[PDB]
């Protein structure tokens, strides 16, 4: 198993694709790819680092709050109330998402 709090990069992206019901998600050293839209094609998916991907999730999912004391350092996301932290807003958000879907731990398949 893998501690969600320690999850990052394409591995975290992969688990967000999974929690989001994406088809054929996979992850590589180069990045995570998935099929978001049924009858689609594999497209890059980096919600933990690309605002274009993580942004819309943050607005859509029931996130209720984000906080970074003194406007500096780590962020801590809250959802509807299931919670986790990270160095970035996206990372904290994504880990919180994954955690509320799969808990503190996540299976360790090879993602390719």
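Numbering follows the first chain given and starts at 1.
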property: Residue 61 preceded by how many uncoordinated deposited residues after residue 60; result: none
property: Higher-B stretch (mean Cα B-factor, as the entry records it), 64-72 or 37-45; result: 37-45
property: Per the entry, higher mean C-alpha B factor between 100-108 and 86-94; result: 100-108
property: Chain thirds of CA B-factor: placement of residue 24; result: highest
property: Ranked C-alpha temperature factor of residue 50 among modelled chain residues, by third; result: lowest
